[PDB]
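[1] with the input below, show me the fold.
(chains A, B, C, D, E, F, G, H and I, ligands or ions: 273)
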Amino acid sequence: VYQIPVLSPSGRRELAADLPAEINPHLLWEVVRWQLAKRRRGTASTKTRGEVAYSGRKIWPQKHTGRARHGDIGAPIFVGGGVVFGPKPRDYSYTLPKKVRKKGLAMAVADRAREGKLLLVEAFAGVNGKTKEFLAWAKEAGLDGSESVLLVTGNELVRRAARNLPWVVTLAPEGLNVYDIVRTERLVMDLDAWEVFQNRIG
Amino acid sequence: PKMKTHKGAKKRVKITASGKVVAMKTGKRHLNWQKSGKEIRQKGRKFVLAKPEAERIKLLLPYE
Amino acid sequence: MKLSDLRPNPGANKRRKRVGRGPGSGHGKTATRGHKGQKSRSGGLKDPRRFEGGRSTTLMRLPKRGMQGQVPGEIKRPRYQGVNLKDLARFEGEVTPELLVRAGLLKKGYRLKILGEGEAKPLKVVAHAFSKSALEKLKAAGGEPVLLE
Amino acid sequence: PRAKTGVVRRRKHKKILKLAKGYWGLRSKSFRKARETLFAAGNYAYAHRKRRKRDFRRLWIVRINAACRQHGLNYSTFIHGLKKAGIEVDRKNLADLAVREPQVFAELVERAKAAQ
RNA sequence: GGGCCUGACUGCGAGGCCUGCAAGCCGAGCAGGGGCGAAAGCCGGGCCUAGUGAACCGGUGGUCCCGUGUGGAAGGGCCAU
RNA sequence: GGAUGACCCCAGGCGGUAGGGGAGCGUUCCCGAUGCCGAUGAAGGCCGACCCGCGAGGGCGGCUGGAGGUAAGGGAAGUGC
RNA sequence: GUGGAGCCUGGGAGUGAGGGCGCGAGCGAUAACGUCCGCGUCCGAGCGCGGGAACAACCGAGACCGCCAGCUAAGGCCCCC
RNA sequence: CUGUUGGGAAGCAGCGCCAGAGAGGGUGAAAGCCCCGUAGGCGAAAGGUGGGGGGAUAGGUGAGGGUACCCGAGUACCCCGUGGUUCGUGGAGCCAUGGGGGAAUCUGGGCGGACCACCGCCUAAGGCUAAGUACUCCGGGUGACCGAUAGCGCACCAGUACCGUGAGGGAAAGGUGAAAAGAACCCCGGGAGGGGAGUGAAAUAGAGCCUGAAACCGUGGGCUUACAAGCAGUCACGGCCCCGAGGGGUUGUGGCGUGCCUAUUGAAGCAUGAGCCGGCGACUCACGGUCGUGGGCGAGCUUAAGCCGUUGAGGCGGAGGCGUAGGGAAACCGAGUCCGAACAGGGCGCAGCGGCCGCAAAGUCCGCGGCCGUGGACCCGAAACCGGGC
RNA sequence: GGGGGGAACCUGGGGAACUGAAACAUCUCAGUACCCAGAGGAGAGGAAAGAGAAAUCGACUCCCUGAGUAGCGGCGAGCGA
Ligand SMILES: [Mg+2]
Ligand SMILES: [Mg+2]
Ligand SMILES: [Mg+2]
Ligand SMILES: [Mg+2]
Ligand SMILES: [Mg+2]
Ligand SMILES: [Mg+2]
Ligand SMILES: [Mg+2]
Ligand SMILES: [Mg+2]
Ligand SMILES: [Mg+2]
Ligand SMILES: [Mg+2]
Ligand SMILES: [Mg+2]
Ligand SMILES: [Mg+2]
Ligand SMILES: [Mg+2]
Ligand SMILES: [Mg+2]
Ligand SMILES: [Mg+2]
Ligand SMILES: [Mg+2]
Ligand SMILES: [Mg+2]
Ligand SMILES: [Mg+2]
Ligand SMILES: [Mg+2]
Ligand SMILES: [Mg+2]
Ligand SMILES: [Mg+2]
Ligand SMILES: [Mg+2]
Ligand SMILES: [Mg+2]
Ligand SMILES: [Mg+2]
Ligand SMILES: [Mg+2]
Ligand SMILES: [Mg+2]
Ligand SMILES: [Mg+2]
Ligand SMILES: [Mg+2]
Ligand SMILES: [Mg+2]
Ligand SMILES: [Mg+2]
Ligand SMILES: [Mg+2]
Ligand SMILES: [Mg+2]
Ligand SMILES: [Mg+2]
Ligand SMILES: [Mg+2]
Ligand SMILES: [Mg+2]
Ligand SMILES: [Mg+2]
Ligand SMILES: [Mg+2]
Ligand SMILES: [Mg+2]
Ligand SMILES: [Mg+2]
Ligand SMILES: [Mg+2]
Ligand SMILES: [Mg+2]
Ligand SMILES: [Mg+2]
Ligand SMILES: [Mg+2]
Ligand SMILES: [Mg+2]
Ligand SMILES: [Mg+2]
Ligand SMILES: [Mg+2]
Ligand SMILES: [Mg+2]
Ligand SMILES: [Mg+2]
Ligand SMILES: [Mg+2]
Ligand SMILES: [Mg+2]
Ligand SMILES: [Mg+2]
Ligand SMILES: [Mg+2]
Ligand SMILES: [Mg+2]
Ligand SMILES: [Mg+2]
Ligand SMILES: [Mg+2]
Ligand SMILES: [Mg+2]
Ligand SMILES: [Mg+2]
Ligand SMILES: [Mg+2]
Ligand SMILES: [Mg+2]
Ligand SMILES: [Mg+2]
Ligand SMILES: [Mg+2]
Ligand SMILES: [Mg+2]
Ligand SMILES: [Mg+2]
Ligand SMILES: [Mg+2]
Ligand SMILES: [Mg+2]
Ligand SMILES: [Mg+2]
Ligand SMILES: [Mg+2]
Ligand SMILES: [Mg+2]
Ligand SMILES: [Mg+2]
Ligand SMILES: [Mg+2]
Ligand SMILES: [Mg+2]
Ligand SMILES: [Mg+2]
Ligand SMILES: [Mg+2]
Ligand SMILES: [Mg+2]
Ligand SMILES: [Mg+2]
Ligand SMILES: [Mg+2]
Ligand SMILES: [Mg+2]
Ligand SMILES: [Mg+2]
Ligand SMILES: [Mg+2]
Ligand SMILES: [Mg+2]
Ligand SMILES: [Mg+2]
Ligand SMILES: [Mg+2]
Ligand SMILES: [Mg+2]
Ligand SMILES: [Mg+2]
Ligand SMILES: [Mg+2]
Ligand SMILES: [Mg+2]
Ligand SMILES: [Mg+2]
Ligand SMILES: [Mg+2]
Ligand SMILES: [Mg+2]
Ligand SMILES: [Mg+2]
Ligand SMILES: [Mg+2]
Ligand SMILES: [Mg+2]
Ligand SMILES: [Mg+2]
Ligand SMILES: [Mg+2]
Ligand SMILES: [Mg+2]
Ligand SMILES: [Mg+2]
Ligand SMILES: [Mg+2]
Ligand SMILES: [Mg+2]
Ligand SMILES: [Mg+2]
Ligand SMILES: [Mg+2]
Ligand SMILES: [Mg+2]
Ligand SMILES: [Mg+2]
Ligand SMILES: [Mg+2]
Ligand SMILES: [Mg+2]
Ligand SMILES: [Mg+2]
Ligand SMILES: [Mg+2]
Ligand SMILES: [Mg+2]
Ligand SMILES: [Mg+2]
Ligand SMILES: [Mg+2]
Ligand SMILES: [Mg+2]
Ligand SMILES: [Mg+2]
Ligand SMILES: [Mg+2]
Ligand SMILES: [Mg+2]
Ligand SMILES: [Mg+2]
Ligand SMILES: [Mg+2]
Ligand SMILES: [Mg+2]
Ligand SMILES: [Mg+2]
Ligand SMILES: [Mg+2]
Ligand SMILES: [Mg+2]
Ligand SMILES: [Mg+2]
Ligand SMILES: [Mg+2]
Ligand SMILES: [Mg+2]
Ligand SMILES: [Mg+2]
Ligand SMILES: [Mg+2]
Ligand SMILES: [Mg+2]
Ligand SMILES: [Mg+2]
Ligand SMILES: [Mg+2]
Ligand SMILES: [Mg+2]
Ligand SMILES: [Mg+2]
Ligand SMILES: [Mg+2]
Ligand SMILES: [Mg+2]
Ligand SMILES: [Mg+2]
Ligand SMILES: [Mg+2]
Ligand SMILES: [Mg+2]
Ligand SMILES: [Mg+2]
Ligand SMILES: [Mg+2]
Ligand SMILES: [Mg+2]
Ligand SMILES: [Mg+2]
Ligand SMILES: [Mg+2]
Ligand SMILES: [Mg+2]
Ligand SMILES: [Mg+2]
Ligand SMILES: [Mg+2]
Ligand SMILES: [Mg+2]
Ligand SMILES: [Mg+2]
Ligand SMILES: [Mg+2]
Ligand SMILES: [Mg+2]
Ligand SMILES: [Mg+2]
Ligand SMILES: [Mg+2]
Ligand SMILES: [Mg+2]
Ligand SMILES: [Mg+2]
Ligand SMILES: [Mg+2]
Ligand SMILES: [Mg+2]
Ligand SMILES: [Mg+2]
Ligand SMILES: [Mg+2]
Ligand SMILES: [Mg+2]
Ligand SMILES: [Mg+2]
Ligand SMILES: [Mg+2]
Ligand SMILES: [Mg+2]
Ligand SMILES: [Mg+2]
Ligand SMILES: [Mg+2]
Ligand SMILES: [Mg+2]
Ligand SMILES: [Mg+2]
Ligand SMILES: [Mg+2]
Ligand SMILES: [Mg+2]
Ligand SMILES: [Mg+2]
Ligand SMILES: [Mg+2]
Ligand SMILES: [Mg+2]
Ligand SMILES: [Mg+2]
Ligand SMILES: [Mg+2]
Ligand SMILES: [Mg+2]
Ligand SMILES: [Mg+2]
Ligand SMILES: [Mg+2]
Ligand SMILES: [Mg+2]
Ligand SMILES: [Mg+2]
Ligand SMILES: [Mg+2]
Ligand SMILES: [Mg+2]
Ligand SMILES: [Mg+2]
Ligand SMILES: [Mg+2]
Ligand SMILES: [Mg+2]
Ligand SMILES: [Mg+2]
Ligand SMILES: [Mg+2]
Ligand SMILES: [Mg+2]
Ligand SMILES: [Mg+2]
Ligand SMILES: [Mg+2]
Ligand SMILES: [Mg+2]
Ligand SMILES: [Mg+2]
Ligand SMILES: [Mg+2]
Ligand SMILES: [Mg+2]
Ligand SMILES: [Mg+2]
Ligand SMILES: [Mg+2]
Ligand SMILES: [Mg+2]
Ligand SMILES: [Mg+2]
Ligand SMILES: [Mg+2]
Ligand SMILES: [Mg+2]
Ligand SMILES: [Mg+2]
Ligand SMILES: [Mg+2]
Ligand SMILES: [Mg+2]
Ligand SMILES: [Mg+2]
Ligand SMILES: [Mg+2]
Ligand SMILES: [Mg+2]
Ligand SMILES: [Mg+2]
Ligand SMILES: [Mg+2]
Ligand SMILES: [Mg+2]
Ligand SMILES: [Mg+2]
Ligand SMILES: [Mg+2]
Ligand SMILES: [Mg+2]
Ligand SMILES: [Mg+2]
Ligand SMILES: [Mg+2]
Ligand SMILES: [Mg+2]
Ligand SMILES: [Mg+2]
Ligand SMILES: [Mg+2]
Ligand SMILES: [Mg+2]
Ligand SMILES: [Mg+2]
Ligand SMILES: [Mg+2]
Ligand SMILES: [Mg+2]
Ligand SMILES: [Mg+2]
Ligand SMILES: [Mg+2]
Ligand SMILES: [Mg+2]
Ligand SMILES: [Mg+2]
Ligand SMILES: [Mg+2]
Ligand SMILES: [Mg+2]
Ligand SMILES: [Mg+2]
Ligand SMILES: [Mg+2]
Ligand SMILES: [Mg+2]
Ligand SMILES: [Mg+2]
Ligand SMILES: [Mg+2]
Ligand SMILES: [Mg+2]
Ligand SMILES: [Mg+2]
Ligand SMILES: [Mg+2]
Ligand SMILES: [Mg+2]
Ligand SMILES: [Mg+2]
Ligand SMILES: [Mg+2]
Ligand SMILES: [Mg+2]
Ligand SMILES: [Mg+2]
Ligand SMILES: [Mg+2]
Ligand SMILES: [Mg+2]
Ligand SMILES: [Mg+2]
Ligand SMILES: [Mg+2]
Ligand SMILES: [Mg+2]
Ligand SMILES: [Mg+2]
Ligand SMILES: [Mg+2]
Ligand SMILES: [Mg+2]
Ligand SMILES: [Mg+2]
Ligand SMILES: [Mg+2]
Ligand SMILES: [Mg+2]
Ligand SMILES: [Mg+2]
Ligand SMILES: [Mg+2]
Ligand SMILES: [Mg+2]
Ligand SMILES: [Mg+2]
Ligand SMILES: [Mg+2]
Ligand SMILES: [Mg+2]
Ligand SMILES: [Mg+2]
Ligand SMILES: [Mg+2]
Ligand SMILES: [Mg+2]
Ligand SMILES: [Mg+2]
Ligand SMILES: [Mg+2]
Ligand SMILES: [Mg+2]
Ligand SMILES: [Mg+2]
Ligand SMILES: [Mg+2]
Ligand SMILES: [Mg+2]
Ligand SMILES: [Mg+2]
Ligand SMILES: [Mg+2]
Ligand SMILES: [Mg+2]
Ligand SMILES: [Mg+2]
Ligand SMILES: [Mg+2]
Ligand SMILES: [Mg+2]
Ligand SMILES: [Mg+2]
Ligand SMILES: [Mg+2]
Ligand SMILES: [Mg+2]
Ligand SMILES: [Mg+2]
Ligand SMILES: [Mg+2]
Ligand SMILES: [Mg+2]
Ligand SMILES: [Mg+2]
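    Numbering: from 1, shown residues only, chains lettered A, B, ... in the order given. Ligands and ions are numbered 1, 2, ... in the order given. Okay, here it is:
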């Protein structure tokens, strides 16, 4: 369906995989929205007039003082009093339909694949945990850092070598997600990663 | 908290397949000796509640 | 496609209605509540689904009917759920209650009863009950009804 | 998060207060008083925009009338004569003529008498 | 005024009046079994419009529908009052 | 009309309280941002007869101020006295 | 008769203190800026505009914005005007 | 590292370098490489812990047959009064027990919703028992949390000052500068204060210190006002001043002109509120419901708690829920069913668009918006009622 | 060995009223607020004289669900396994 370049010692070969041809910007939007929303801490809080510290005494008599009527000084009308309808601890998460998430993953990859920004790699030459090593291979693959790259592979050693780059996001293949894909300019995948990606969207 | 079903409504009424609301006729509980047989017969039937009064009771039965 | 390109469809995300914020909003002062009265108060009215101003309510004047039940409650008897022949079309070979459950046709904890809307198909269908027409269409179609217990 | 008033209100008030420059006492110094005065001034302008068109016409009619009676007839006669003559030169211009170009106005008075 | 009578029916009820609701009112026709009439037909109380009271709770006659492991029973439901 | 909110032409509507609907402006915060504006001066303040917008507002220029601010596009509210 | 007409399903209301005036009645005293109904109207919400000296509801007229242009309505044309 | 602007480099420019470390905070401004850190590692003599690893210890162990000795007492059980359970005296069982009566030891007894039979379940009247669970004074980590009227009542010597006999009530108050370099000396003055000198990039940064709005008070300048009638403006013209066929300020005369808000049939109203300015101040959130709406899948849709993974990575989990059939009080029947003697009549129910394909759809899930139920539910306000204390 | 103290948390012994039912007494609020005793780092519970219909399960505790179901109720407001 789509044609994907692949770096191998045999050279830049191609691969065929069926990612959707249709992109639904709203759907991808919905997934990102759900992602960024369920990670919220919801730790904003305030005190109601009952949680405020002051007493419950009526500060001066109801009538006949020539002043306005009042109750306790915790009333939200007073300065220092409680708040009205302020924030309390909150859970912003919700359960986005699994089929939507799955479809979103496929769509996000497809969009990159369609741009030609998607690259699959067989192995990572000389990289063994050193950043200078990843830069070697990266440069060799056409990745000079002029474009931000989401690197997805299970080889911890490759992730450790590339994590500190300003232009690189790193991910275990189990961790593939549409936010990170959309954030980046290029998607680079381990064949083992590209394999489990195929399994999740299948 | 989740809404509670009104038990007075559950015992007096039924929501039909299309969402009409059907209850027994009123008026043959007692004092029937001088009522015509045409009355007692017709009052043993079920009837459909007027749209407004029907729409209200349906909200009292959220889990039917 | 980048983050700046992510947008919801028109009408997907709508602005909320804020009342009580100025004349020009058309929702100022009274904040769409009108003037005075119980309804305009914080707390408002009684349940509009029932309360009728003090008179005997529409609902309460209607008579009750039927067995309402008594403590200790529901009486355990077997329950039957029907599924039509037309639903049985999707299958081939044998059908049993457990199969119809996975298909999402027969709910759990319910006994199976085959009903007659639709057409029969030469299958082995094992259930607790068949309607009169269910048996006829099934015996006619070369299907095998099996009576469970 | 919290969104306190902060900057917004001071700015709205200054808009008004600048619009109220020149007014008497607190009307140009107090926001609230400035606003009450500005409301009136908006309605007055709108009303006086509409009535300025009247104020001038009445002046024009007075002036045309003054020059007409010098030639032995009145305004109401002069206008009718002009209508019968089919002269459609307006009152703004008739008045200007009556003062700046008196012989031209004389000729118009002539055609006004001739028309009837 | 008189004769024979019990339709002062059971099962329904097209279609309308009125009408916020709930009620209230009128009702041709079909089936069951009757009454009167040679018959056509009439009769689902009274020339008509007042003589009334929703639900809840409970009494009585019937029905034999539910019956808390099962058979019953206690107690309910349904029809009538 | 052109084909689609591209702009133009012709026509008609446009007082408004309770109130329904629509389109926007601005305030705090998040993504955009390991970015961008910034001591050749951030925010905030004081001016303006200038520019854009029907308006809410947004620009630009001068003075003050001396270290922060933050786009297009989206998100969420302790959001306008 | 194509109208901010009408009918059907549904979402959201507000109102359930009205008032003057004209005509038709009751009540009152062929009284009330009286009261209670009816048909209409206006004010309510047109305390925007011209007239009535001034004056919500009487006469004229339904104010999208602009003009130092023109025609009229009621009412007016001796001076204030 | 160097150059350059600058009081100051981390700015800009030139040439480099590290990275399992480009989280973050400092440093005279904006620093991966100056500092503190960060990734990744290392660390306890002493005290505490030690649920994991190891070892002891206590403790634990047969089968037939006979015997009918034992198996928890004012107990079971029954009645009266009550509590507990969803159960409000109801057909009212079960569990508990204040009063009365009052057994038995496996052929004993309790229970399965009055009661009886049958069939089953269980072992009362003695005791102990981890973990999974609740909480946050304390320590740490993290925020689409606050930023000095906010956030705890308290950022500051606050449960303080102050008030109260007492229980108890309960504030206000943060900021010089990069560095005190915190202004030597001289002058007027009793001092306070100020003027010079000096410091600093800046002193209307001078300690009564960042910024420094408004009301409010004053000084100087321009225009104007002592024959004039006023919701204070507005429209026109003219005079004067200013900035250079225009504009700004001012106001002499002429025209017009009944504050704002609230409540009302109706207010400029001699009806409510407001001295003025600044800041605080009222339609929200959760769960459920009902419409609408943006998408996903569609006779199907969807998971919950949890489990795994991440450390702002997502996945698993099908228990369950909604829908796929209705009608009936129910037994029950079922595209029908209920009433009925009816095969009568009636109530309530049943039946996509194009070339196997595409499109659309029941339904359902998630988001979003309107409104509704439940809670304080738009905010403020009673008089009162109750508990425990003073 | 006890005594007294500890922010909440926990068991036990006692235990309101405003409020809601658009009045009120049953009912609700609610075995809540509060008082007292006690226990600890947790407390409680716990090894069937159970459940309840499965010819079945197998201590207790805690979450999801079953379910706003079964039912309870001046069969009202509501309460709720
Ligand atoms: Mg948060
Ligand atoms: Mg929050
Ligand atoms: Mg808080
Ligand atoms: Mg607070
Ligand atoms: Mg409050
Ligand atoms: Mg309070
Ligand atoms: Mg309090
Ligand atoms: Mg308090
Ligand atoms: Mg306190
Ligand atoms: Mg109190
Ligand atoms: Mg009190
Ligand atoms: Mg008190
Ligand atoms: Mg006073
Ligand atoms: Mg005062
Ligand atoms: Mg008071
Ligand atoms: Mg108060
Ligand atoms: Mg208080
Ligand atoms: Mg405070
Ligand atoms: Mg506070
Ligand atoms: Mg506070
Ligand atoms: Mg507040
Ligand atoms: Mg509140
Ligand atoms: Mg809230
Ligand atoms: Mg939470
Ligand atoms: Mg939500
Ligand atoms: Mg969730
Ligand atoms: Mg990185
Ligand atoms: Mg990183
Ligand atoms: Mg990036
Ligand atoms: Mg990242
Ligand atoms: Mg009856
Ligand atoms: Mg009865
Ligand atoms: Mg009769
Ligand atoms: Mg009869
Ligand atoms: Mg009878
Ligand atoms: Mg009958
Ligand atoms: Mg359900
Ligand atoms: Mg259902
Ligand atoms: Mg929103
Ligand atoms: Mg507004
Ligand atoms: Mg609106
Ligand atoms: Mg409005
Ligand atoms: Mg107001
Ligand atoms: Mg409204
Ligand atoms: Mg409303
Ligand atoms: Mg009001
Ligand atoms: Mg009212
Ligand atoms: Mg109202
Ligand atoms: Mg009222
Ligand atoms: Mg209403
Ligand atoms: Mg209140
Ligand atoms: Mg109320
Ligand atoms: Mg009454
Ligand atoms: Mg039932
Ligand atoms: Mg039970
Ligand atoms: Mg076969
Ligand atoms: Mg503020
Ligand atoms: Mg303002
Ligand atoms: Mg302000
Ligand atoms: Mg300002
Ligand atoms: Mg402004
Ligand atoms: Mg002036
Ligand atoms: Mg002027
Ligand atoms: Mg002044
Ligand atoms: Mg003055
Ligand atoms: Mg002033
Ligand atoms: Mg204005
Ligand atoms: Mg005008
Ligand atoms: Mg005018
Ligand atoms: Mg004219
Ligand atoms: Mg005119
Ligand atoms: Mg004039
Ligand atoms: Mg003459
Ligand atoms: Mg003419
Ligand atoms: Mg003319
Ligand atoms: Mg006779
Ligand atoms: Mg006779
Ligand atoms: Mg005979
Ligand atoms: Mg009818
Ligand atoms: Mg009717
Ligand atoms: Mg006959
Ligand atoms: Mg005969
Ligand atoms: Mg016959
Ligand atoms: Mg008949
Ligand atoms: Mg009669
Ligand atoms: Mg009657
Ligand atoms: Mg009754
Ligand atoms: Mg009752
Ligand atoms: Mg009864
Ligand atoms: Mg039976
Ligand atoms: Mg039985
Ligand atoms: Mg039994
Ligand atoms: Mg027997
Ligand atoms: Mg039997
Ligand atoms: Mg018997
Ligand atoms: Mg019986
Ligand atoms: Mg019976
Ligand atoms: Mg009856
Ligand atoms: Mg037009
Ligand atoms: Mg118009
Ligand atoms: Mg309009
Ligand atoms: Mg009103
Ligand atoms: Mg619209
Ligand atoms: Mg809107
Ligand atoms: Mg704003
Ligand atoms: Mg906005
Ligand atoms: Mg950032
Ligand atoms: Mg930044
Ligand atoms: Mg720069
Ligand atoms: Mg500088
Ligand atoms: Mg500068
Ligand atoms: Mg800011
Ligand atoms: Mg501006
Ligand atoms: Mg400066
Ligand atoms: Mg500035
Ligand atoms: Mg900084
Ligand atoms: Mg800003
Ligand atoms: Mg931003
Ligand atoms: Mg934007
Ligand atoms: Mg976004
Ligand atoms: Mg938020
Ligand atoms: Mg607020
Ligand atoms: Mg209309
Ligand atoms: Mg209309
Ligand atoms: Mg409607
Ligand atoms: Mg609405
Ligand atoms: Mg609304
Ligand atoms: Mg009203
Ligand atoms: Mg009302
Ligand atoms: Mg009323
Ligand atoms: Mg009325
Ligand atoms: Mg009245
Ligand atoms: Mg009246
Ligand atoms: Mg007349
Ligand atoms: Mg009259
Ligand atoms: Mg009369
Ligand atoms: Mg007289
Ligand atoms: Mg009157
Ligand atoms: Mg009169
Ligand atoms: Mg009269
Ligand atoms: Mg009228
Ligand atoms: Mg009104
Ligand atoms: Mg008028
Ligand atoms: Mg009108
Ligand atoms: Mg007039
Ligand atoms: Mg007038
Ligand atoms: Mg006049
Ligand atoms: Mg006037
Ligand atoms: Mg008038
Ligand atoms: Mg009058
Ligand atoms: Mg004319
Ligand atoms: Mg005329
Ligand atoms: Mg006159
Ligand atoms: Mg005349
Ligand atoms: Mg005069
Ligand atoms: Mg004249
Ligand atoms: Mg230098
Ligand atoms: Mg340097
Ligand atoms: Mg550089
Ligand atoms: Mg890091
Ligand atoms: Mg950093
Ligand atoms: Mg840093
Ligand atoms: Mg930088
Ligand atoms: Mg920065
Ligand atoms: Mg740094
Ligand atoms: Mg570490
Ligand atoms: Mg470390
Ligand atoms: Mg033995
Ligand atoms: Mg023995
Ligand atoms: Mg024993
Ligand atoms: Mg017993
Ligand atoms: Mg007892
Ligand atoms: Mg009880
Ligand atoms: Mg009991
Ligand atoms: Mg009962
Ligand atoms: Mg009981
Ligand atoms: Mg007992
Ligand atoms: Mg006892
Ligand atoms: Mg035994
Ligand atoms: Mg025994
Ligand atoms: Mg027992
Ligand atoms: Mg028993
Ligand atoms: Mg049992
Ligand atoms: Mg036995
Ligand atoms: Mg048992
Ligand atoms: Mg253990
Ligand atoms: Mg435990
Ligand atoms: Mg914990
Ligand atoms: Mg902490
Ligand atoms: Mg903030
Ligand atoms: Mg901050
Ligand atoms: Mg302060
Ligand atoms: Mg504070
Ligand atoms: Mg401050
Ligand atoms: Mg503290
Ligand atoms: Mg303080
Ligand atoms: Mg005292
Ligand atoms: Mg003292
Ligand atoms: Mg006190
Ligand atoms: Mg205070
Ligand atoms: Mg400083
Ligand atoms: Mg300092
Ligand atoms: Mg001296
Ligand atoms: Mg001296
Ligand atoms: Mg001395
Ligand atoms: Mg000195
Ligand atoms: Mg001095
Ligand atoms: Mg000095
Ligand atoms: Mg110097
Ligand atoms: Mg400088
Ligand atoms: Mg300065
Ligand atoms: Mg300074
Ligand atoms: Mg200062
Ligand atoms: Mg500073
Ligand atoms: Mg100052
Ligand atoms: Mg000032
Ligand atoms: Mg002066
Ligand atoms: Mg004089
Ligand atoms: Mg003079
Ligand atoms: Mg002038
Ligand atoms: Mg000028
Ligand atoms: Mg004037
Ligand atoms: Mg007036
Ligand atoms: Mg105003
Ligand atoms: Mg009032
Ligand atoms: Mg009044
Ligand atoms: Mg009045
Ligand atoms: Mg006045
Ligand atoms: Mg006043
Ligand atoms: Mg006055
Ligand atoms: Mg009043
Ligand atoms: Mg007011
Ligand atoms: Mg005062
Ligand atoms: Mg003032
Ligand atoms: Mg709302
Ligand atoms: Mg939805
Ligand atoms: Mg989906
Ligand atoms: Mg699924
Ligand atoms: Mg449900
Ligand atoms: Mg049913
Ligand atoms: Mg039957
Ligand atoms: Mg039928
Ligand atoms: Mg579809
Ligand atoms: Mg909704
Ligand atoms: Mg609603
Ligand atoms: Mg509440
Ligand atoms: Mg609230
Ligand atoms: Mg209160
Ligand atoms: Mg009491
Ligand atoms: Mg009392
Ligand atoms: Mg007391
Ligand atoms: Mg006491
Ligand atoms: Mg003790
Ligand atoms: Mg102790
Ligand atoms: Mg207790
Ligand atoms: Mg005790
Ligand atoms: Mg007591
Ligand atoms: Mg009570
Ligand atoms: Mg309450
Ligand atoms: Mg309550
Ligand atoms: Mg309630
Ligand atoms: Mg009450
Ligand atoms: Mg009440
Ligand atoms: Mg009372
Ligand atoms: Mg209770
Ligand atoms: Mg207790
Ligand atoms: Mg203790
Ligand atoms: Mg424990
Ligand atoms: Mg623990
Ligand atoms: Mg044992
Ligand atoms: Mg269920
Ligand atoms: Mg009931
Ligand atoms: Mg309770």
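
[2] distance of the most centrally placed residue in chain B from residue B:47?
    The centroid of chain B falls nearest to residue B:23 when counting by C-alpha atoms, centre = their mean (2.0 Å). Note on residue B:23: its distance to residue B:47, by C-beta to C-beta, to the nearest Å, is 7 Å. Every C-beta, even on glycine, is put in place using the N, C-alpha and C of the backbone.

[3] could you check how many residues crowd around residue A:184?
    Residue A:184: 21 surrounding residues under other C-beta atoms under 10 Å in any protein chain shown.

[4] quick one: residues contacting it.
    A:148, A:149, A:150, A:169 (C-beta atoms under 8 Å, 6 or more residues apart in numbering or on different chains).

[5] the same query, at a cut-off of 6 Å, please.
    Listed by C-beta atoms under 6 Å, 6 or more residues apart in numbering or on different chains, the contact partners of residue A:184 are A:148, A:150, A:169.

[6] filter the residues you listed to the buried ones?
    Those of these that meet the buried threshold are A:150, A:169, by 16 or more other C-beta atoms under 10 Å in any protein chain shown.

[7] out of the contacts of residue A:184, which comes closest to ligand 48?
    Comparing the contacts of residue A:184 against ligand 48 with C-beta to the ion places residue A:169 closest, at 58.3 Å.

[8] let me know the next secondary structure element after the helix or strand containing residue D:62.
    Using DSSP states H and E, residue D:62 sits within helix D:31-68. Where DSSP H and E defines the elements, the next helix or strand beyond helix D:31-68 is helix D:75-85.

[9] what sits up against the helix or strand that that following helix is followed by?
    The first helix or strand that comes after helix D:75-85 along the chain, using DSSP H and E, is helix D:91-100. Here helix D:91-100 makes contact (C-beta under 6 Å, 6+ apart) with D:60, D:63, D:64, D:67, D:104, D:105.

[10] list the residues that contact residue A:119.
    By C-beta under 6 Å, 6+ apart, the neighbours of residue A:119 are A:5, A:188.

[11] that one belongs to a helix?
    No - assigned with DSSP: H, G, I helix; E, B strand; the rest coil, residue A:119 falls outside any helix and is strand.

[12] quick one: the strands in chain C?
    Assigned by DSSP state E, the strands in chain C fall at C:80-84, C:94-95, C:111-115, C:124-127, C:129-130, C:144-147.
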